[PDB]
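Residue-level structural notes
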Amino acid sequence: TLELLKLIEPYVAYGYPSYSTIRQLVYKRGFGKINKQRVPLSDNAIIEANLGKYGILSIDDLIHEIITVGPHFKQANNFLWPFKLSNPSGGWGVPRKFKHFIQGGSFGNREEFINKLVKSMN
Amino acid sequence: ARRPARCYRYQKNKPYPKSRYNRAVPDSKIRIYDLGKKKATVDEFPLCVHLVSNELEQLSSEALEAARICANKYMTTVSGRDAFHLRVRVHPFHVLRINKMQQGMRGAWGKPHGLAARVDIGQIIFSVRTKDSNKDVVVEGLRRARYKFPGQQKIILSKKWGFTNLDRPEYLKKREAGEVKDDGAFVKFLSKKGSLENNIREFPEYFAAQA
Amino acid sequence: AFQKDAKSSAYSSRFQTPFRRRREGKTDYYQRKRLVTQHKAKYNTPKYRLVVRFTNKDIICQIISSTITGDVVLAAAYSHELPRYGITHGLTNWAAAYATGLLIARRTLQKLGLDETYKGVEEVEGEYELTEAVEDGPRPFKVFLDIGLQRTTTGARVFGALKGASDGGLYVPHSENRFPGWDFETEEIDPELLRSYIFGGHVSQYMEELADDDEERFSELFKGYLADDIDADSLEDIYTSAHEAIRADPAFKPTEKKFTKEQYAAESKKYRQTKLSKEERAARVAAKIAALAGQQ
Amino acid sequence: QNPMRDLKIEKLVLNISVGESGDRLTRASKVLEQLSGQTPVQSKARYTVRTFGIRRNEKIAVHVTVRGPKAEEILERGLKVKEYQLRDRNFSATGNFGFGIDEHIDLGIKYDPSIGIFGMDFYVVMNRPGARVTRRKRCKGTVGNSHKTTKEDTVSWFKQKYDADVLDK
Amino acid sequence: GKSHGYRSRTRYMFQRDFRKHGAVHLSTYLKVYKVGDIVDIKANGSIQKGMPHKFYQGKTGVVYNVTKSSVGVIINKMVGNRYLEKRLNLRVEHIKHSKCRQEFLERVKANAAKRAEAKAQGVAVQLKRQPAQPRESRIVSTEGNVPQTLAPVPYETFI
RNA sequence: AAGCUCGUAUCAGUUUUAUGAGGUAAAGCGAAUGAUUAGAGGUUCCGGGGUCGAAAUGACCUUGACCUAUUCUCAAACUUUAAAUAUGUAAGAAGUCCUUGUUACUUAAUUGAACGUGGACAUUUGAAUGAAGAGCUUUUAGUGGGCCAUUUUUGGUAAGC
RNA sequence: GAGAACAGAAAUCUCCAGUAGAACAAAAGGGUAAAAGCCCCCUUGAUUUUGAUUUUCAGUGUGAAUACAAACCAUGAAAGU
RNA sequence: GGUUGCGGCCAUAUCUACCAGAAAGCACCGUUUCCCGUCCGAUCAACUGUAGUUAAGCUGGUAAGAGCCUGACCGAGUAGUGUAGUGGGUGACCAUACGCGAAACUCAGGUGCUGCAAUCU
Ligand SMILES: [Mg+2]
Ligand SMILES: [Mg+2]
Ligand SMILES: [Mg+2]
Ligand SMILES: [Mg+2]
Ligand SMILES: [Mg+2]
Ligand SMILES: [Mg+2]
Ligand SMILES: [Mg+2]
Ligand SMILES: [Mg+2]
Ligand SMILES: [Mg+2]
Ligand SMILES: [Mg+2]
Ligand SMILES: [Mg+2]
Ligand SMILES: [Mg+2]
Ligand SMILES: [Mg+2]
Ligand SMILES: [Mg+2]
Ligand SMILES: [Mg+2]
Ligand SMILES: [Mg+2]
Ligand SMILES: [Mg+2]
Ligand SMILES: [Mg+2]
Ligand SMILES: [Mg+2]
Ligand SMILES: [Mg+2]
Ligand SMILES: [Mg+2]
Ligand SMILES: [Mg+2]
Ligand SMILES: [Mg+2]
Ligand SMILES: [Mg+2]
Ligand SMILES: [Mg+2]
Ligand SMILES: [Mg+2]
Ligand SMILES: [Mg+2]
Ligand SMILES: [Mg+2]
Ligand SMILES: [Mg+2]
Ligand SMILES: [Mg+2]
Ligand SMILES: [Mg+2]
Ligand SMILES: [Mg+2]
Ligand SMILES: [Mg+2]
Ligand SMILES: [Mg+2]
Ligand SMILES: [Mg+2]
Ligand SMILES: [Mg+2]
Ligand SMILES: [Mg+2]
Ligand SMILES: [Mg+2]
Ligand SMILES: [Mg+2]
Ligand SMILES: [Mg+2]
Ligand SMILES: [Mg+2]
Ligand SMILES: [Mg+2]
Ligand SMILES: [Mg+2]
Ligand SMILES: [Mg+2]
Ligand SMILES: [Mg+2]
Ligand SMILES: [Mg+2]
Ligand SMILES: [Mg+2]
Ligand SMILES: [Mg+2]
Ligand SMILES: [Mg+2]
Ligand SMILES: [Mg+2]
Ligand SMILES: [Mg+2]
Ligand SMILES: [Mg+2]
Ligand SMILES: [Mg+2]
């Protein structure tokens, strides 16, 4: 998967998310694929209804399985609809976007700055 | 007749030298490449100065010889016939073509028109060797030759001894040690590999473990 | 090595060495390929060659099958084994080759199981025949004659060994135009002459041909034949008796312990010299630099 | 140190370079025949020059290879003609040697004008025993340096036998 | 005009593997092929008979027919937007048993092996290949390993 | 466009792992081939000169080409080496393994070959990520002047060629 | 390269070295050394029957080619070809 | 361990120059009636194992040997290369970012391993 990320470095921005970032992401923009049919979770009953087999029955259960890469991360992740984020509010912080993060750009792997960017876009 | 040198400054094509196929190339306008006391010994000229190209262009044989005679002349007329060894390290094997003007551009594959040398960036064009007492002179000679070329080229003093790959200190060490061996225009070095007897007949001064 | 002929580094570098068994002028690969290679649709059935070689006056008869890791010998019979069966001198003669052929024939037949069956031809009248298959029975063992680099000439001992194996029972597809007694122009074979060669009629004829014309050469040539009181007349029977002895017992038993291999390994390692140490030659050259370049 | 490094004669080949074909050549052939006793071999022209007036495959020469005592016989029969006197040249650095003789009647052979007189090139190829390695089929190999013929070693053998001559630098 | 012969452009492809010319060793004639085997295709410039077309060089296929001097190899060739079945009659001299499945077979045997051990003791299967996971924590010591501070070097010329 | 057979089944302009194939880039030339600068050292009964020469298969200088170890520089149709990007195959139930029938092929041979009967091991059943599923059939439109940009690249001094 | 009357730069004879620097109709590129080249011996498989396969491709045709089946033959001691 | 017959890989095996090699085995080696082949019993065919040799073949060892094989943060993270930018520069060309990454060079080590059968102080 790291090779995949390398193969798409100039079109995305990515990093290491913190517990706070993942929690706020699932809480505000976390939707599950239920018969595809994207559904806002909004209740631990939905998670239990589908991720129950793997032992996930709460929104925080999902968050934990995600943060700590778990034995059922593939299912817990493919169950979450791709988060639809809005453009960052405070801005991008750089003049041009399609330059690596190292070159005063926006794409590439900012290691922890991904959290600031996501929080600004969520 | 001779097309302006600007028409072939860049390496737009793949090397097209004289061959079994081209086979109708004119003679290179530059034929002598070693000038001065080319028979001198390496010890005779420790100083070496290079005229190195700072571009990726092509130099016509015409300009090549023109600059050669310019430089060599200045150098001799202010230094003396046997006061320097001027070697040119650029041989123009690239053949330039041309389309001689009731027809149009139908099948317009030219005929050889001239020769030129393809030089990279940082490639040495002129290599002159003298003794430090002449540096200013040979430098000015290469400077005057510079004007006969297209594209930036810079002069640089070599850290090596004359036309040898060893920096002066390393050469002094080896020679004042006993592993050097004069030759007509160049020198040979004592190797540690091969036949011991054939290695002792040559370089006999050495093995005394002293100068 | 005239200096005008020495080879250069480039010559040696760009030189391609042939196969070892070729550089030793021992294997004709262009022939080995066509003899060994087997029909790809059978896929394990080995092509058995009957290698017959000639040392200087000693016959070798092995039955081999090739393997990617190395030819494996099924049966082996050396003509030097003839004393056991009844022959003492010249085990290079056509009759010796035929003897070894018949020997290996019966030896392998017994090692296989086709001993009582496929007994070959016993009353050898010197006829041209091949070991035919048995009605409603296992087909005979088939082997192909490997003469190596031998030059195929009409009437050679290699073909004599061939006749011996075929007469023994092995199925060796073969013609008759290279058997002693073959008429060059007219297409007829002389079985009287072939039988003669099978027994020694030419060697026996030579014996009684020299016995009354030159006793001065018969003196040493054939010396043993006299040292053992036996003239030409006898020869046919010594061979025939050997034939009966071989057909009766093809057993091959080997040589006695006789100073066993570990002992041999020791008494030969004494003469086997082992390579020197790198430091050894390092000092061996340092001593030379001191003794030669150091002003004596 | 030679108890078997004894120099024998491999062969002696006589050669008449009769410049053209025809009667002259069948005559030089008949001479070679009653000089050898063996049927000689004819040599065809390799290429065509026309200054020598020859043509490709013209059958313009004859020779004969003789080995053993017969070779020693004719060798001496010619050594006599040359008075047992050779030169430092005429010897191959490889060990062999040869000479030439016009006046082929000096070899005993009578005149017989129905055949004329002819010249002949004599070439003697020498070798120690065991030369069979280089000429056999199986295990064809090369003989050791110390074992094969030398030029000095062969002139020394030549002088020792018949004491004939060396004669110059 | 243009030339599009059967062996056109195969100069280097069919070249002889310099210092490996001459007759082919017998191991290639001793190797055996069975229907269904996976073989590689590499033309042998020495044997002109039964050689494969240039397109099949470097291609792997399956054996569908075994004959006296050759083998029948099945190859899937992409023509347009679809794949077609092509049957090649190649001489053994241009075939090589393939190791593309060697890892799979070795892993299947090892898998069943430790699976048997697994059911022998408390079952813990753990036998599926996983990609390279990222490194874990570690403690780097400086005992006898103090760091060499490095700085960039200036410009030199060396000629 | 019409649909049809199915549906957690297979499916993939992607990665990974194992295993192949290649002769471009670069490189090389005191390696082959083909070019190319410079000396130095050898060599002729064997190129021409040319002092001593009556000549010499004669000594000697001379310039030549050949041999030796070096030297400067090169290749679309040169090369030992040799990438990157692209490219073939494999990653299980159509698997793996054992027990032993059929035949006219094949074997010295119930030897093998191919196809079978009985039996043993279940979703960590054998990498990743994804999948608004997968597979299949018929019929018919328009089109069959193309042009442009980064990069590779041919011709041409060049061109909005 | 060194050697042999006429014989010379070039005729024929001998030995030594020789990775192919040769030859294999022809263009070129592959390939080839107890051969694929050179000398010799025996031959007509350059034959008979109808299929499959590869390249060009529409996976039509033609040209050329490959590997089998069924015959009748050639050569070789033979495996074989 | 030697040796032979047949081998697999086909130079760590080849090339050059020397030196050593018991036993056995190979060999060279003797002969021309017979089969057979030659200009020539040199090759090829046959006979002898008798008469003779380790001289050569063959085996091993020696060499700051040539060649060859292997290795290395030796050179070199260089050359080249996939991807990015409204980066530099008149241009030629060039630097940077996320990756992949040679060849030469240099130095060090090595010089056949091994299958079947028979045979040997
Ligand atoms: Mg604000
Ligand atoms: Mg605002
Ligand atoms: Mg802006
Ligand atoms: Mg917001
Ligand atoms: Mg360009
Ligand atoms: Mg162009
Ligand atoms: Mg015009
Ligand atoms: Mg017009
Ligand atoms: Mg034209
Ligand atoms: Mg650069
Ligand atoms: Mg300028
Ligand atoms: Mg250099
Ligand atoms: Mg060299
Ligand atoms: Mg043969
Ligand atoms: Mg001796
Ligand atoms: Mg004439
Ligand atoms: Mg074309
Ligand atoms: Mg070869
Ligand atoms: Mg053909
Ligand atoms: Mg790959
Ligand atoms: Mg190239
Ligand atoms: Mg290049
Ligand atoms: Mg290179
Ligand atoms: Mg070169
Ligand atoms: Mg006088
Ligand atoms: Mg270049
Ligand atoms: Mg791929
Ligand atoms: Mg793909
Ligand atoms: Mg998967
Ligand atoms: Mg999924
Ligand atoms: Mg679905
Ligand atoms: Mg349509
Ligand atoms: Mg249409
Ligand atoms: Mg049209
Ligand atoms: Mg249409
Ligand atoms: Mg139109
Ligand atoms: Mg665009
Ligand atoms: Mg345009
Ligand atoms: Mg050709
Ligand atoms: Mg025809
Ligand atoms: Mg076309
Ligand atoms: Mg179609
Ligand atoms: Mg049609
Ligand atoms: Mg067709
Ligand atoms: Mg057709
Ligand atoms: Mg002995
Ligand atoms: Mg013989
Ligand atoms: Mg000795
Ligand atoms: Mg031997
Ligand atoms: Mg050796
Ligand atoms: Mg070495
Ligand atoms: Mg790049
Ligand atoms: Mg730019």
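Residues numbered from 1 in each chain as written, not as in the entry; some residues may be left out. Chains lettered and ligands numbered in written order. Part of a larger assembly, values for the part shown. Heavy atoms only, no water. Residues with missing side-chain atoms left out of burial classes, pairs and counts.

For this deposited structure, the header cites X-ray crystallography as the method used and 2.90 Å as the resolution.

A few points about the overall build of chain C
Looking only at helices and strands, one finds 13 helices and 4 strands in chain C. In terms of C-alpha radius of gyration, chain C reaches 26 Å, well past the compact-globule figure of 19 Å for 296 residues. Along the three orthogonal principal directions, the C-alpha set of chain C runs to about 85 × 65 × 50 Å. Burial status across chain C gives 34% buried among its 296 residues. (Helix = DSSP H or I, 4+ residues; strand = E, 2+ residues; numbered from the N terminus. Rg over C-alpha atoms; globule rule 2.2 N^0.38 Å. Buried < 20%, exposed > 50% of the residue type's maximum accessible area, 1.4 Å probe, protein only.)

Thoughts on a negative patch on the surface
Judged by side-chain charge, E208, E209, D212, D213, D228, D229, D231, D233 and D237 of chain C come together as a negatively charged surface patch. Within the element layout of this structure, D237 of chain C appears in helix α11 (residues 235–248). (Patch = residues over 30% accessible without salt bridge, like charges linked within 9 Å, V, L, I, M, F, W, Y side chains within 5 Å. Areas by Shrake-Rupley, 256 points an atom, 1.4 Å probe, with all protein chains shown as cover. Salt bridge = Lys/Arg side-chain N within 4 Å of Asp/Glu carboxyl O. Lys, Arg positive; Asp, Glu negative; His and termini not counted. Charge placed at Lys NZ, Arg CZ, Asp CG, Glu CD.)

Digging into the sheet that holds strand β3 (residues 72–78) of chain C
Residues and elements named next belong to chain C. Pairing within the open sheet is mixed, and its 4 strands lie in the order β3-β2-β1-β4. Of all the strands in the sheet, the pair left with one neighbour each is β3 and β4 (144–146). Taking the axes of each pair of neighbouring strands and ignoring which way they run, one obtains an average angle of 25 degrees across the sheet. Of the pairings in the sheet, the one linking strand β1 (residues 49–55) to β4 comprises 3 bridges and is parallel in character. For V51, the partnering residue across the bridge sits in β4 and is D146. Along the sheet, helix α5 (residues 94–112) makes contact with β1, β2 (58–65) and β3, crossing β3 at roughly 135 degrees. (Pairing = 2+ DSSP bridges. Axes fitted to C-alpha atoms, helices over the stretch in contact; angles between N-to-C directions. Contact = heavy atoms within 4.5 Å.)

Some words on the pattern of salt bridges
Residue and element names in this part refer to chain C. One pass over the structure, following the stated rule, counts 33 salt bridges over all chains. Notably, a salt bridge pairs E236 with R195, separated by 3.3 Å at the nearest N-O pair. One end of the pair, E236, is in helix α11; the other, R195, is in helix α7 (residues 191–199), and 41 residues separate them in sequence. Since its relative accessible area comes to 34%, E236 is described here as partly exposed. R195 gets classed as partly exposed once you look at its relative accessible area, which sits at 29%. Here the residues in one salt-bridge network are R32, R49, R53, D71 and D146, joined through shared partners.

A few points about the protein's contact with RNA strand G
Around RNA strand G, the structure places 94 residues, and the nearest of them are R22 of chain C, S17, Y47 and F99 of chain D together with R87 of chain E. Restricting the count to atoms of RNA strand G within 4 Å of the protein gives a sugar and phosphate share of 66%. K77 of chain E places a side-chain nitrogen or oxygen 2.9 Å from a base oxygen of RNA strand G. The side chain of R91 of chain E places a nitrogen or oxygen atom 2.6 Å from a phosphate oxygen of RNA strand G. Breaking the surface near RNA strand G down by element, the ones donating at least two residues are α3 (29–36) and β4 of chain C, β1 (8–16), β3 (61–66), β4 (97–101) and β5 (120–127) of chain D together with β3 (70–79) and β4 (82–91) of chain E. The greatest single-element share of the surface near RNA strand G, amounting to 7 residues, is contributed by β4 of chain E. Taken together, the residues of the surface near RNA strand G break down into 32 nonpolar, 33 polar and 29 charged. (Near = heavy atom within 4 Å. Polar contact = N/O pair within 3.5 Å; in protein donor to acceptor, adjacent residues only side chain to side chain. Nonpolar A, V, L, I, M, F, W, Y, C, P; charged D, E, K, R; others polar.)

What about a positive patch on the surface?
Positive charge collects at one region of the surface, where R22 and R151 of chain C together with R135, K137, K140 and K148 of chain D lie side by side. On the secondary structure map, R22 of chain C appears in helix α2 (residues 20–23).

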